[PDB]
Number of protein chains: 2
Amino acid sequence: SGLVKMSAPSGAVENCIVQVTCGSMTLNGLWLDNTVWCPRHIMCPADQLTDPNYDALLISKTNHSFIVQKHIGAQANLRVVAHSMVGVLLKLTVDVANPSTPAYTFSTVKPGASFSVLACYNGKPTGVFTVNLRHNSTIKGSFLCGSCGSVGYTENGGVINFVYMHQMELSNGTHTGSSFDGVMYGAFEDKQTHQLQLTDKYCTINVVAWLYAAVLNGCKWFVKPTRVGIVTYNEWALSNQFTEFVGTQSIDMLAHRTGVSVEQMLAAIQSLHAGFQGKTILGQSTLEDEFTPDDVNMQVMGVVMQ
Amino acid sequence: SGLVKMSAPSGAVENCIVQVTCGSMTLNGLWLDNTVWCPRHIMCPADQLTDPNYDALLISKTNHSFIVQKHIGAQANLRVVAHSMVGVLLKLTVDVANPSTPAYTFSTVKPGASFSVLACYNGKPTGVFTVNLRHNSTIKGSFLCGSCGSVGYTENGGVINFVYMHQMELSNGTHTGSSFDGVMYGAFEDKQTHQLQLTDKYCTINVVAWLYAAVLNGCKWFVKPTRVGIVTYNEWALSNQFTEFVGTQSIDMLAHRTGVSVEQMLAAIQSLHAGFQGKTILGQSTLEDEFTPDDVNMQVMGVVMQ
Ligand SMILES: O=C(Nc1ccc(N(Cc2ccsc2)C(=O)Cn2nnc3ccccc32)cc1)c1cccs1
Ligand SMILES: O=C(Nc1ccc(N(Cc2ccsc2)C(=O)Cn2nnc3ccccc32)cc1)c1cccs1
């Protein structure tokens, strides 16, 4: 038992991290087969970060403009033989394929989904943590500018699913990046101008999953006979910065295991939002919405007790 | 910017995880050079868990009683050629040296210290998270049956420092294990009986470090001119379940970088302990005490704002 923020083991991803340098800028890249991926703003000079003309920048670089180095494991200096833009990513073709390329897929996650982040700095892995894609398609992470190119991923059956490459900090503790098709998460441009973020919301289904984990972990003081219909909850949610609730088979099974209905959990959310009344749930006095039902399922399988 | 619970990248450790089986019991082991470590309760039958005679069990076992397999990476079946007891651990000698043994050291962490855990099942790494050794030398992690032998570690300059091998669950969300000298963390025995846990406390120096992190991340509403001396706070702490404060150079450096004194922070703790009053700090409504000064230092390196 116990519930903690958990990441997928990072070894397979660590083997793919490289350092990329262009002019005075350096950051991290991901080396898969004969390709190195990094944010395209590595091309932008310090004095043009406000209005970068990436097409002009691209054309002003040679293959030799890009120095790519592997620091950890079997070291390497990699020769770039082509460079092009893929959305807000630079795609560098190199003359050697990464022999430690894992089996992998690219995916784009949806708001409310979690993934692991390998934080990197100057081509070296430095930390691992887990984030959730927020309702406004930002993440709440921990990065420096030199952390750009850090990689978000999930893992299933030995296959690494790459979903995120870190691009920018939007406001304090608030970040975004792109999927590996080069599409930025959220309504965000890779330039140094203030950009307005859409309002964030609590992911209701994740909160519900968390309350079920709490109950399976012996914490049930917040469960009352009170219930609220989904239609009523959803009207309330629109006025209180929560997402609309739509049930899933996974949630139904947690209901089954605990004897606590989804309508009771939605009622508890409404009550807890008004105040925790000096009490805690799994150590917290705020609602937790970054565990998905899948995340919770991985960490439970205990029997509900008395 | 941003502050998250950060774990050390796990690749070097993943390369060292094996499965160990003895009779009907299986769990995880750590393979370094020609040695495999695992909890000694792998020898215990399910009907003798309340009072195992580990010396007798040891003698009844032979080298061939132990089956050791590596299921990931370069897979292998390892022959056990010696076995001996090391406190609550078994030390198995195997006939093949782990070719991916990292540079490593062993140490025993103190209450208030953090470390990373690679959670494993059937000899397969499954998750990474960070914990803090509690005042009563338990950890609040996330472990299921089959996780015994999971490995806790830190990183010291290209060196993996192993500090924990998972042994048991004590109560909901409450765990302990041993360092690799075979000494159990805390006043706990590796048997299936209810054991009393000494009272836990908030780690004051960690809470202080967290408040400093908050300030460096632009959260400062809780900082008042009020100041409480160390001696006075330490009197207060004894009666309010906080550890006594003892200054260190880390914290001093954080105090200098931010210009805010320890006494102001100790004062803030007293006030926040009474209640956050609707406001939040880094998104929380409770005091956070599992970031060490060192953990905070690694995630800061911005300039102090206003
Ligand atoms: O600094 C440089 N470049 C730089 C690159 C990116 C950034 N930006 C904003 C941005 C995105 C596209 S253009 C400007 C970050 O967010 C970057 N970013 N991404 N995550 C961050 C966390 C903290 C601080 C910054 C962070 C800003 C600057 C240098 C260029 C030549 C020599 S140095
Ligand atoms: O089950 C078996 N053995 C077993 C081993 C350890 C355990 N224990 C308690 C304990 C510690 C020393 S002796 C008994 C756990 O805590 C184990 N542990 N460790 N972390 C746990 C988290 C959740 C639940 C249990 C957890 C209990 C049982 C079988 C033996 C032969 C066939 S099966």
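What is reported rests on the model, the rules as stated and the sources as named; these are not laboratory values. Neighbour counts are summed over all protein chains in view; Cβ atoms, including those assigned to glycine, are modelled from backbone coordinates with ideal geometry.
Could you check segment B:95-114 and list, in sequence order, the residues that are crowded, with 20+ Cβ neighbours inside 10 Å and either facing chain A (nearest Cβ under 9 Å) or under 24 Å from B:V20 (Cα atoms) (or both)? Passing the criteria: only B:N98.
Name the residues in segment B:1-43 that are among the aliphatic types (A, V, I, L, M), more than 9 Å from every other protein chain (Cβ to nearest Cβ) and part of a helix (DSSP H, G or I), would you? Correct list: B:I42, B:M43. Taking residues in segment B:140-163 that are within 13 Å of another protein chain (Cβ to nearest Cβ) and among the charged types (D, E, K, R), and partners anywhere that are surrounded by 21 or more Cβ atoms within 10 Å (Cβ to Cβ) and in a loop (DSSP other than H, G, I, E, B), the pairs with Cβ atoms closer than 6 Å and at least 6 places apart or on different chains are B:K140/B:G173; B:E155/B:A8. Scanning segment B:25-79 for residues that are polar (S, T, N, Q) and within 25 Å of the chain's Cα centre (by Cα), we see that the one that is nearest to ligand 2 (Cβ to nearest atom) is B:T26.
The condition (being within 16 Å of ligand 1 (Cβ to nearest atom) and over 26 Å from B:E169 (Cβ atoms)) is satisfied by just one residue among B:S60, B:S1: B:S1. Restricting segment B:188-201 to residues that are among the charged types (D, E, K, R) and more than 16 Å from ligand 2 (Cβ to nearest atom) leaves a set whose member that is surrounded by the fewest Cβ atoms within 10 Å (Cβ to Cβ) is B:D200. A single member of B:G146, B:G152 is under 28 Å from B:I251 (Cα atoms) and small (G, A, S), and it is B:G152.
For A:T50, the test of being part of a loop (DSSP other than H, G, I, E, B), within 16 Å of ligand 1 (Cβ to nearest atom) and outside the structural domain of A:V159 (by CATH) is passed.
Exactly one residue among A:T176, A:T204 is β-branched (V, I, T) and crowded, with 24+ Cβ neighbours inside 10 Å, and that residue is A:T176. For B:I72, the test of being under 18 Å from B:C120 (Cβ atoms) and assigned to a loop (DSSP other than H, G, I, E, B) is passed.
Hey, any hits in segment B:25-34 for a residue that's out of contact with any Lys or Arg (no Cβ under 7 Å at 6 or more places or on another chain), over 30 Å from A:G73 (Cβ atoms) and not aromatic (F, W, Y)? Taking every residue of segment B:25-34 in turn, at least one turns out to be out of contact with any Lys or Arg (no Cβ under 7 Å at 6 or more places or on another chain), over 30 Å from A:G73 (Cβ atoms) and not aromatic (F, W, Y). Can you name every residue in segment B:1-53 that is in contact (Cβ under 8 Å) with a residue 24 or more places away in the chain and surrounded by fewer than 16 Cβ atoms within 10 Å (Cβ to Cβ)? Once the filter is applied, which keeps residues that are in contact (Cβ under 8 Å) with a residue 24 or more places away in the chain and surrounded by fewer than 16 Cβ atoms within 10 Å (Cβ to Cβ), segment B:1-53 yields B:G23, B:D33, B:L49, B:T50, B:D51. Only helices (runs of 4 or more DSSP H) whose full extent lies in segment A:193-289 are considered here, and the ones with at least 2 residues that are more than 26 Å from B:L170 (Cβ to Cβ) and touching a residue at least 60 places away in the same chain (Cβ under 8 Å) are A:204-216, A:262-274.
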